Structures are given as structure tokens and as C-alpha cells.
Amino acid sequence: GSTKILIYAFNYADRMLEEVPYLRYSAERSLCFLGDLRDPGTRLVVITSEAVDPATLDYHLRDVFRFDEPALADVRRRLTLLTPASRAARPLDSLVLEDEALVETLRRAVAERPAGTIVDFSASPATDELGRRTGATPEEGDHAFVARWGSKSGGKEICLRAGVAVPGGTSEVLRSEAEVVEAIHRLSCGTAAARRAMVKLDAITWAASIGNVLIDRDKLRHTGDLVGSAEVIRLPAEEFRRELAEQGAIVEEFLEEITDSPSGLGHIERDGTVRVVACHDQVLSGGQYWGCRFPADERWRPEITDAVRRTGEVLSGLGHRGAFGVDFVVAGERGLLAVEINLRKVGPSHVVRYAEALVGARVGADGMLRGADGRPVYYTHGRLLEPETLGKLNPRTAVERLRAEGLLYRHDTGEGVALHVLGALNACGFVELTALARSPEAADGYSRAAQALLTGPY
Ligand SMILES: Nc1ncnc2[nH]cnc12
């Protein structure tokens with residue numbers, strides 16, 4: 001007997017939730033986990049800031065996970081969908097916590113079963129609290145540890161230990177502007193049209209590209225002040241300063257010529273067993289990761305895998321259980337350098353789950369997914385937001401459109417298109433789409449077709 005409780009709240013996004021609006025519908029991502037209901041024992045609870053739409057659920061059941069009609073009723077019986085009483089735009093976990101009754105219910109559910117697991121994006125105070133107060137152990141909670149080691153500096157240190165190539169820099173916090181300046185002027189330079197330095201605020205709260213601040217050294221050498229020579233600062237200066245004071249930053253060289261930005265995804269079992277889950281080729285694309293592709297490029301896939309494994313081992317030693325992410329850059333002829341470490345699930349993870357479900361099989365060998373017949377599988381995954389055109393659709397409508405023009409993934413052919421986060425369609429005009437084909441080009445084409453279908457009238 002298992003009980004699993006799904007709260008895929010984006011907690012590390014304190015600002016973005018109040019900006020990018022389709023975020024409230026983020027939790028829907030968790031619907032990739034329904035595969036678990038294949039075990040007669042597993043019981044799932046889904047929590048979203050906004051109610052999952054019956055249509056979406058139906059799609060997932062039939063056209064995604066391909067449940068046989070006999071068992072389907074049973075599967076449905078072992079699934080519950082719940083919404084916090086708060087409809088304020090805040091991290092989902094927090095909202096859940098605030099609803100005492102909901103928490104109580106969750107606890108009761110957990111008790112009812114042998115085993116409790118909480119399924120989350122990043123480990124957070126709120127998630128930890130929930131775990132404590134419900135008797136479910138977060139699958140990816142461990143807040144203090146995360147704080148310690150998912151930080152920029154910590155990540156860098158881990159990378160170094162692993163023997164994974166990092167960009168030239170220290171792994172040392174810089175609690176003052178002077179320190180930062182010193183760090184900047186003590187670097188690797190290297191021939192660069194516009195030689196640059198980058199200061200990355202150490203906290204994990206600042207994940208991705210809000211913390212990272214970039215200064216061209218020329219400007220500095222003339223004017224002593226950090227925020228006088230900032231070529232890219234996305235923080236209110238004052239706030240940045242405060243962060244520096246209180247949490248600080250770490251100093252890394254800005255690699256100029258970037259061709260690809262691959263990603264590596266790792267899982268530690270509780271017995272330390274590290275698994276290379278997958279490798280993709282993310283495309284920062286303004287950092288909003290408007291998507292990604294699988295598998296990674298043939299050249300650096302194998303290389304990446306080994307690196308990931310090493311990192312995983314290191315993390316296990318350190319004592320991290322759950323899931324880790326390594327973000328990379330490819331720097332002209334200089335090669336491949338690990339830039340980020342993430343102590344949390346990452347975008348690709350959820351996509352990968354869905355992909356696996358579609359295929360019917362797990363990632364495969366040590367790398368590269370393959371269908372029943374053994375033939376390789378390639379997917380393209382994109383976030384698309386078009387208030388204008390998509391805001392006209394509802395989940396059901398979209399699904400039927402996909403079915404009509406034979407765009408929807410069919411299991412008999414082994415190629416097509418599956419959507420995610422369908423609830424955002426009507427409300428924010430947002431959707432994820434993933435496209436699977438026999439060749440990557442084919443997959444891309446399919447994706448394009450889908451886009452065309454959905455972002456036009458009819
Ligand atoms: N050193 C670096 N140069 C350029 N972009 C980066 N993103 C993260 N680290 C970077």
C-alpha cells in the first residue's frame with residue numbers, strides 16, 4: 001500500500017508567480033505521475049491552485065497513459081483532486097499549509113496507508129512542514145540541505161569535487177562590493193571582444209537568471225562601483241546590494257561564444273543508488289526555457305552522461321537523496337562546462353515522465369529511449385503562450401483538434417503530439433506541447449504542425 005501526494009508548487013519563484021500568470025496552472029505538470037496508478041496499491045492525491053479539468057483528466061487517462069477500459073474505473077477510484085481554499089497567487093505548498101482542514105485530510109489519507117511520499121518540485125519550508133504534519137516524507141524535500149548545497153557556490157564546489165568542468169571562478173561568497181570587485185579583477189580573461197565578468201547571487205531563492213548579474217570589466221576599471229558598470233542587472237540596485245550583504249554572490253567568467261546549453265538529470269535512490277535519468281538540449285531562450293529537446297546531441301550526450309553520474313555519486317556522498325540537475329554550456333572550442341547545480345526536479349523531468357509513459361518504456365539502456373520494436377525515439381517539447389489565439393480554446397477542444405488532423409500521438413504508429421497543463425489554455429492562453437517521432441526532424445515537424453493547428457482559427 002502506497003499513498004503519494006502531489007504538490008508541484010514553484011516555491012522558489014516568489015516574484016514570478018505575481019508576473020508570469022500561467023504559473024498558477026503549473027501544478028498540472030504533476031499529471032505525468034498518473035502512470036504510478038498502474039501499481040494496484042498506489043493511491044494518488046493531486047493538488048493544484050486551480051481545479052484540474054475533467055476533460056484534461058480524461059485525456060491523461062486514455063490518450064496519454066492508455067489505460068485499458070476494464071481497469072480504468074479502479075484507477076479512477078484511487079485518485080483524488082483537491083484545491084486549497086486560498087485563490088491568492090502564492091506558492092501552492094504555502095496555500096495548502098494555510099488550509100488546516102486540507103492538511104488534516106492529507107494526514108488522514110497518509111495514515112490510512114502503509115507509506116507516505118510527497119511529490120514536489122523543490123524542497124521548501126512549507127513542503128517540509130507538510131511532510132512533518134502529515135507523516136509523508138517529501139520525495140524531494142530536505143530544506144536545509146538544499147539551501148546549503150543547491151546554492152551557486154555550493155553547486156560549483158560539488159562540480160569541482162566531481163571533476164566536472166566549471167567556468168573559471170572561486171566557490172566563495174562575497175559579502176561586500178569590494179570583495180566582488182577583487183574577485184572580478186583576478187580572473188582568467190581570455191581574448192574577448194568585450195571581456196566580461198558575472199556575479200551570481202549565492203542564494204537558491206535567486207535560482208536562474210534574476211540573481212546572475214554581469215559587469216564588463218572595462219567600465220569597472222574606470223568607475224569603481226559594481227552597479228555603475230552593470231551591463232545586465234535585473235535586480236533593483238538596492239535589493240541586489242542587500243542580497244550581496246546578507247547572502248552574497250560568487251564570481252564566474254562570462255563565456256562568450258555559446259553554441260548549445262545541454263542538461264543532465266539525476267536521481268539518487270535512498271540507498272545511494274545514482275541513476276542517469278536523461279540528457280537533453282535545453283535552449284535557455286531568454287531563460288524562460290520556452291522548451292527543450294531529447295536526446296542530447298550525439299557528440300556530448302555520452303560525455304554528459306558520465307559527468308552526471310560522477311556528480312550524482314558526489315551528491316550521494318554528501319547525502320542528497322532525490323533528484324539533481326546539472327546545467328551546461330558549450331564554449332566554442334573550449335568545450336563543455338557545468339554552470340549550474342539544482343537540488344530539485346527540473347523542467348525536463350516532468351516532460352521525460354510523460355515521454356516515457358507515451359513510449360511505454362523507461363529511459364533505456366543508460367542513454368537514449370527506444371520503443372517496443374527497439375527503434376529510437378525523439379521528442380520536442382515547447383512552452384507556447386498566445387493569449388490571442390489559445391485563449392479561445394478549452395482542453396477538450398484542443399484535444400479534439402489534435403485528434404482530427406491526426407496530430408495526436410497514437411500508440412500504434414508510435415509518433416505524435418501530447419499536451420500538458422491544459423487548464424492554462426482557456427485562462428492564460430498557455431500550453432505545453434510535446435512531439436514524438438521516429439526521427440528528430442520528424443518530431444520537430446510534428447510540433448510545428450501542432451502549433452499551426454492550435455494558433456490559427458478554424
Ligand atoms: N560563465 C557563464 N558564462 C555565460 N553564461 C553563463 N551562464 C551561467 N554561467 C555562465
# chains A, B, ... in the order shown; residues from 1 in each chain; ligands from 1
>>> residues_near_ligand(ligand="ligand 1", cutoff="7 Å", atoms="only C-alpha atoms and all ligand atoms", output="PyMOL selection string")
chain A and resi 167+198+252-256+339-340
>>> residues_around(residues="residue 308 in chain A", least_positions_apart="2", cutoff="7 Å", atoms="only C-alpha atoms", output="ChimeraX atom specification")
/A:264,266,276,304-306,310-312
>>> residues_around(residues="residue 144 in chain A", least_positions_apart="4", cutoff="9 Å", atoms="only C-alpha atoms", output="VMD selection string")
chain A and resid 123 to 125 148 to 149
>>> write_last_selection(atoms="C-alpha atoms", output="mmCIF file, in the first residue's frame")
data_model
loop_
_atom_site.group_PDB
_atom_site.id
_atom_site.type_symbol
_atom_site.label_atom_id
_atom_site.label_comp_id
_atom_site.auth_asym_id
_atom_site.auth_seq_id
_atom_site.Cartn_x
_atom_site.Cartn_y
_atom_site.Cartn_z
ATOM 1 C CA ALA A 123 12.237 21.227 -1.216
ATOM 2 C CA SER A 124 10.881 24.163 0.769
ATOM 3 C CA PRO A 125 9.904 25.193 4.319
ATOM 4 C CA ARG A 148 23.382 24.579 1.783
ATOM 5 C CA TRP A 149 24.238 22.836 -1.466
#
>>> residues_around(residues="residue 260 in chain A", least_positions_apart="3", cutoff="8 Å", atoms="only C-alpha atoms", output="number ranges by chain")
A: 281-283, 329-330
>>> residues_around(residues="residue 181 in chain A", least_positions_apart="3", cutoff="9 Å", atoms="only C-alpha atoms", output="list in words")
residues 176, 177, 178, 184, 185, 186, 220, 224, 225 and 226 of chain A
>>> residues_around(residues="residue 207 in chain A", least_positions_apart="3", cutoff="12 Å", atoms="only C-alpha atoms", output="JSON, numbers by chain")
{"A": [10, 11, 12, 13, 14, 15, 16, 122, 147, 150, 151, 152, 155, 200, 201, 202, 203, 204, 210, 211, 212, 287, 340, 341, 342, 343, 344, 346]}
>>> write_last_selection(atoms="N, CA, C and O atoms", output="CSV table (one decimal), in the first residue's frame")
chain,number,residue,atom,x,y,z
A,10,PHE,N,5.8,26.0,-7.3
A,10,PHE,CA,7.0,26.7,-7.6
A,10,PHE,C,7.2,27.7,-6.5
A,10,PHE,O,6.6,28.8,-6.5
A,11,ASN,N,7.9,27.3,-5.5
A,11,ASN,CA,8.1,28.0,-4.2
A,11,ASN,C,9.3,29.0,-4.3
A,11,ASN,O,9.2,30.1,-3.8
A,12,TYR,N,10.3,28.6,-5.1
A,12,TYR,CA,11.5,29.3,-5.3
A,12,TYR,C,11.2,30.5,-6.2
A,12,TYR,O,12.1,31.3,-6.5
A,13,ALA,N,10.0,30.6,-6.7
A,13,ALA,CA,9.5,31.8,-7.5
A,13,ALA,C,8.6,32.6,-6.7
A,13,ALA,O,7.4,32.4,-6.6
A,14,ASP,N,9.2,33.6,-5.9
A,14,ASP,CA,8.4,34.5,-5.1
A,14,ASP,C,7.8,35.6,-5.8
A,14,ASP,O,6.8,36.2,-5.5
A,15,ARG,N,8.5,36.1,-6.9
A,15,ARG,CA,8.1,37.2,-7.7
A,15,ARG,C,7.4,36.7,-9.0
A,15,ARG,O,6.3,37.1,-9.3
A,16,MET,N,7.9,35.6,-9.6
A,16,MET,CA,7.5,35.3,-11.0
A,16,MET,C,6.0,34.9,-10.9
A,16,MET,O,5.3,35.3,-11.9
A,122,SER,N,10.7,21.7,-5.8
A,122,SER,CA,11.9,21.9,-4.9
A,122,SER,C,11.5,21.9,-3.5
A,122,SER,O,10.4,22.2,-3.2
A,147,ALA,N,19.3,24.3,0.8
A,147,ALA,CA,19.8,25.7,1.0
A,147,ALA,C,21.4,25.7,1.0
A,147,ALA,O,22.0,26.5,0.3
A,150,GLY,N,22.5,23.6,-3.0
A,150,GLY,CA,21.9,23.9,-4.3
A,150,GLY,C,22.3,25.4,-4.7
A,150,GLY,O,22.0,25.8,-5.8
A,151,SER,N,22.9,26.1,-3.7
A,151,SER,CA,23.4,27.5,-3.9
A,151,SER,C,24.4,27.5,-5.0
A,151,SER,O,24.9,26.4,-5.4
A,152,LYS,N,24.7,28.7,-5.5
A,152,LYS,CA,25.6,28.8,-6.7
A,152,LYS,C,27.0,28.2,-6.2
A,152,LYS,O,27.5,27.3,-6.9
A,155,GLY,N,27.0,24.5,-5.4
A,155,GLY,CA,26.9,23.8,-6.7
A,155,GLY,C,28.3,23.7,-7.4
A,155,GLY,O,28.7,22.6,-7.8
A,200,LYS,N,27.1,36.0,-9.4
A,200,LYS,CA,25.8,35.2,-9.3
A,200,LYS,C,25.5,35.1,-7.8
A,200,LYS,O,26.2,34.5,-7.1
A,201,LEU,N,24.4,35.7,-7.4
A,201,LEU,CA,23.9,35.8,-6.0
A,201,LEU,C,23.7,34.4,-5.5
A,201,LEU,O,23.0,33.6,-6.1
A,202,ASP,N,24.3,34.1,-4.3
A,202,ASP,CA,24.5,32.7,-3.9
A,202,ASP,C,23.2,31.9,-3.6
A,202,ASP,O,23.2,30.7,-3.8
A,203,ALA,N,22.2,32.6,-3.0
A,203,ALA,CA,21.0,32.0,-2.6
A,203,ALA,C,20.3,31.2,-3.7
A,203,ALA,O,20.5,31.5,-4.9
A,204,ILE,N,19.6,30.2,-3.3
A,204,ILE,CA,18.8,29.3,-4.2
A,204,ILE,C,17.4,30.0,-4.5
A,204,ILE,O,16.8,29.6,-5.4
A,210,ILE,N,17.9,35.8,-12.2
A,210,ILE,CA,17.5,37.0,-11.6
A,210,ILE,C,18.6,37.5,-10.7
A,210,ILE,O,18.9,38.7,-10.6
A,211,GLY,N,19.3,36.5,-10.2
A,211,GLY,CA,20.5,36.7,-9.3
A,211,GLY,C,21.7,37.1,-10.1
A,211,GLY,O,22.3,38.1,-9.8
A,212,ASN,N,22.0,36.3,-11.1
A,212,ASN,CA,23.1,36.5,-12.0
A,212,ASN,C,23.1,37.9,-12.5
A,212,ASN,O,22.2,38.4,-13.0
A,287,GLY,N,15.9,32.3,-21.0
A,287,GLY,CA,15.9,31.7,-19.7
A,287,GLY,C,14.5,31.2,-19.3
A,287,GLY,O,14.4,30.4,-18.4
A,340,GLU,N,25.5,25.4,-13.6
A,340,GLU,CA,24.5,25.3,-12.5
A,340,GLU,C,24.4,23.9,-12.0
A,340,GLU,O,24.5,22.8,-12.7
A,341,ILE,N,24.1,23.8,-10.7
A,341,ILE,CA,23.6,22.7,-10.0
A,341,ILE,C,22.3,23.0,-9.3
A,341,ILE,O,22.1,24.0,-8.6
A,342,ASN,N,21.3,22.0,-9.5
A,342,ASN,CA,20.0,22.2,-9.0
A,342,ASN,C,19.6,21.0,-8.1
A,342,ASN,O,19.7,19.8,-8.6
A,343,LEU,N,19.3,21.3,-6.8
A,343,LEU,CA,18.9,20.3,-5.9
A,343,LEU,C,17.4,20.3,-5.9
A,343,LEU,O,16.8,21.0,-5.1
A,344,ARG,N,16.8,19.7,-6.9
A,344,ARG,CA,15.3,19.8,-7.2
A,344,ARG,C,15.1,19.1,-8.5
A,344,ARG,O,16.0,18.7,-9.2
A,346,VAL,N,13.7,19.2,-12.4
A,346,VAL,CA,13.8,20.3,-13.3
A,346,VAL,C,12.8,20.2,-14.4
A,346,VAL,O,12.1,19.2,-14.5
>>> atom_distance(atom1="CA of residue 300 in chain A", atom2="CA of residue 164 in chain A")
13.4 Å
>>> closest_residue(among="A:349, A:269, A:319, A:366", to="residue 302 in chain A", atoms="only C-alpha atoms")
A:366
>>> residues_around(residues="residue 27 in chain A", least_positions_apart="4", cutoff="9 Å", atoms="only C-alpha atoms", output="VMD selection string")
chain A and resid 6 to 10 23 31 46 to 50 92 421
>>> write_last_selection(atoms="N, CA and C atoms", output="mmCIF file, in the first residue's frame")
data_model
loop_
_atom_site.group_PDB
_atom_site.id
_atom_site.type_symbol
_atom_site.label_atom_id
_atom_site.label_comp_id
_atom_site.auth_asym_id
_atom_site.auth_seq_id
_atom_site.Cartn_x
_atom_site.Cartn_y
_atom_site.Cartn_z
ATOM 1 N N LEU A 6 0.738 15.074 -4.370
ATOM 2 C CA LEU A 6 1.449 15.769 -5.434
ATOM 3 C C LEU A 6 1.220 17.271 -5.309
ATOM 4 N N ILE A 7 2.282 17.997 -4.926
ATOM 5 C CA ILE A 7 2.235 19.424 -4.714
ATOM 6 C C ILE A 7 3.472 19.940 -5.441
ATOM 7 N N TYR A 8 3.283 20.360 -6.696
ATOM 8 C CA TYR A 8 4.377 20.709 -7.582
ATOM 9 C C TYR A 8 4.452 22.226 -7.621
ATOM 10 N N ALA A 9 4.318 22.830 -6.437
ATOM 11 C CA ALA A 9 4.381 24.272 -6.253
ATOM 12 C C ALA A 9 5.772 24.819 -6.598
ATOM 13 N N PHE A 10 5.782 25.956 -7.303
ATOM 14 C CA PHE A 10 7.007 26.683 -7.611
ATOM 15 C C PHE A 10 7.196 27.700 -6.493
ATOM 16 N N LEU A 23 1.444 30.510 -14.276
ATOM 17 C CA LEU A 23 2.154 29.807 -13.223
ATOM 18 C C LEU A 23 1.147 29.145 -12.292
ATOM 19 N N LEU A 31 0.644 15.804 -13.473
ATOM 20 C CA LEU A 31 -0.278 14.817 -14.015
ATOM 21 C C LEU A 31 0.463 13.775 -14.849
ATOM 22 N N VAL A 46 -3.801 14.700 -5.979
ATOM 23 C CA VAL A 46 -3.357 15.835 -6.763
ATOM 24 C C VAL A 46 -3.929 17.124 -6.170
ATOM 25 N N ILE A 47 -3.018 18.087 -6.029
ATOM 26 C CA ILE A 47 -3.312 19.417 -5.517
ATOM 27 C C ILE A 47 -2.771 20.469 -6.489
ATOM 28 N N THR A 48 -3.666 21.395 -6.853
ATOM 29 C CA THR A 48 -3.379 22.461 -7.787
ATOM 30 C C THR A 48 -4.062 23.681 -7.192
ATOM 31 N N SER A 49 -3.524 24.848 -7.533
ATOM 32 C CA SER A 49 -4.066 26.137 -7.113
ATOM 33 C C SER A 49 -5.444 26.397 -7.740
ATOM 34 N N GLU A 50 -5.674 25.764 -8.901
ATOM 35 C CA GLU A 50 -6.897 25.819 -9.686
ATOM 36 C C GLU A 50 -7.282 24.398 -10.105
ATOM 37 N N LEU A 92 2.060 27.081 -3.957
ATOM 38 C CA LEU A 92 0.945 26.188 -3.710
ATOM 39 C C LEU A 92 1.078 25.552 -2.337
ATOM 40 N N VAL A 421 -0.666 20.722 -19.190
ATOM 41 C CA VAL A 421 -1.083 21.944 -18.499
ATOM 42 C C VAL A 421 -2.249 22.521 -19.300
#
>>> select_by_dssp(residues="range 54-204 of chain A", states="helix (DSSP H, G or I)", output="JSON, numbers by chain")
{"A": [54, 55, 56, 57, 58, 59, 60, 61, 62, 63, 64, 69, 70, 71, 72, 73, 74, 75, 76, 77, 92, 93, 94, 95, 96, 97, 98, 100, 101, 102, 103, 104, 105, 106, 107, 108, 109, 110, 111, 112, 125, 126, 127, 128, 129, 130, 131, 132, 133, 134, 143, 144, 145, 146, 147, 148, 149, 152, 153, 154, 155, 156, 157, 158, 159, 160, 161, 162, 177, 178, 179, 180, 181, 182, 183, 184]}
>>> closest_residue(among="A:89, A:258, A:95, A:393", to="residue 24 in chain A", atoms="only C-alpha atoms")
A:89
>>> select_by_dssp(residues="range 117-344 of chain A", states="strand (DSSP E or B)", output="PyMOL selection string")
chain A and resi 117-120+137-138+169+196-201+213-216+230-232+249-253+258+263-268+274-282+291-294+322-331+336-342
>>> atom_distance(atom1="CA of residue 115 in chain A", atom2="CA of residue 355 in chain A")
27.1 Å
>>> closest_residue(among="A:331, A:413, A:398, A:197", to="residue 458 in chain A", atoms="only C-alpha atoms")
A:398
>>> closest_residue(among="A:410, A:217, A:76, A:299", to="residue 57 in chain A", atoms="only C-alpha atoms")
A:76
>>> closest_residue(among="A:382, A:199, A:19, A:327", to="residue 216 in chain A", atoms="only C-alpha atoms")
A:199
